[PDB]
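To begin, one chain is listed below as structure tokens, in the form deposited in one PDB entry.
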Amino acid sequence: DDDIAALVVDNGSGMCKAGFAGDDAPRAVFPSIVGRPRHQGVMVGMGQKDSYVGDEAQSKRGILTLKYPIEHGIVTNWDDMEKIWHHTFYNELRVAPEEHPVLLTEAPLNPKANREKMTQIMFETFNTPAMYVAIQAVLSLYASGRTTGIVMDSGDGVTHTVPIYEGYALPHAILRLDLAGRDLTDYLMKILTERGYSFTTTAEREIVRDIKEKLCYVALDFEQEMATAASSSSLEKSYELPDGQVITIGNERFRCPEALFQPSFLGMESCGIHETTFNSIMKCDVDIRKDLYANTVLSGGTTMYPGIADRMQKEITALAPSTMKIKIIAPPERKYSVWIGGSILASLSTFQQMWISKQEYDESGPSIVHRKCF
């Protein structure tokens, strides 16, 4: 199938994941950022470009201002998005996006103008023969290898759930939540100031993100952990900064991820992640709820904290009735489960009849996308 070799490209709120259908791991993973210089140059003939995309911006991050083209899964800057797509197709995968149909992903309940503009850029700036837009949670269930269960996806901008029974989706039970990794990073920056550490710039935000994902964990019991931390001092680890200085973090290690289960720490009116998952189940039919309780799939980077699965099981068992058995299925490769399911779907023989052709778009205007792709 080289001819098609569907270039499976995912663009998560925080990262970009591209590759080829049939493989078991993404070829390219890099941050979705665009940087621009903020000082005046004195060296002449240095070959200073006007923009840097991806890992190059993270390297020389001390002299640029970094901007995220995507906020909360909604595009706000379209010039920056075109720059990122050009980087992925030419300088990273080094392929020609004119003979490979492309499969894209999108969160549920997005504005319709998003998919209209996605199709227009792909068919006009590039000449891709076909395209299809799929819900990211459905692709996660493909990777899990099962056709029954409620899926949780939490990336960098959005958190959504969708339960589907024997291949049948219940669109009235889909719930969305605007709590993800970026809110946790801002909260950790705010609460690190009690010990005297002040991080304000965008470059300092990247430093704080690294600290969070290497030293934080979810506590099984929140109140009891505080008493142990207050009494002794064994719950302390040291981190060295990019310039060589040392910081020590105590109860902030588990106080930051706790915001997922108690959103009132940030002052937003919303339910916790455990209650949202339970609320989606209770919106389904009576006769299918038992199979949903025993098939729960976790996905996304924000679900990779240590000890999250045990805490989730404890909370849901307290909510659900005693007789039912609750099982949380968190495979070790759940960080890339969305991409894995996309490759499997594009390699199916029966899927080849649902591509959107170039001819159909030319005759009927850029709306076919809303009715098509289900």
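Each residue number is its position in the shown sequence, starting from 1. By rigid core we mean the largest C-alpha set that fits within 1.5 Å across both forms.
The same protein also exists as the form deposited in another entry; that form is not shown, yet it is the one meant from here on.
Asks: Once the rigid core is lined up, just say which one of 319, 63, 326, 330 has a C-alpha that travels 2 Å or more between the shown form and the other one.
Replies: Meeting the 2 Å or more criterion is only 63.
Asks: Is residue 250 displaced by at least 2 Å at its C-alpha between the shown form and the other one when the rigid core is overlaid?
Replies: The answer is no, as the C-alpha of residue 250 shifts between the shown form and the other one by less than 2 Å after core alignment.
Asks: Once everything's superposed on the core, is residue 197 shifted 2 Å or more at the Cα between the shown form and the other one?
Replies: Residue 197: C-alpha displaced by less than 2 Å between the shown form and the other one.
Asks: My question is whether residue 33 is one of the residues whose C-alpha shifts by 2 Å or more between the shown form and the other one, given a fit on the rigid core.
Replies: Shift of 2 Å or more: yes.
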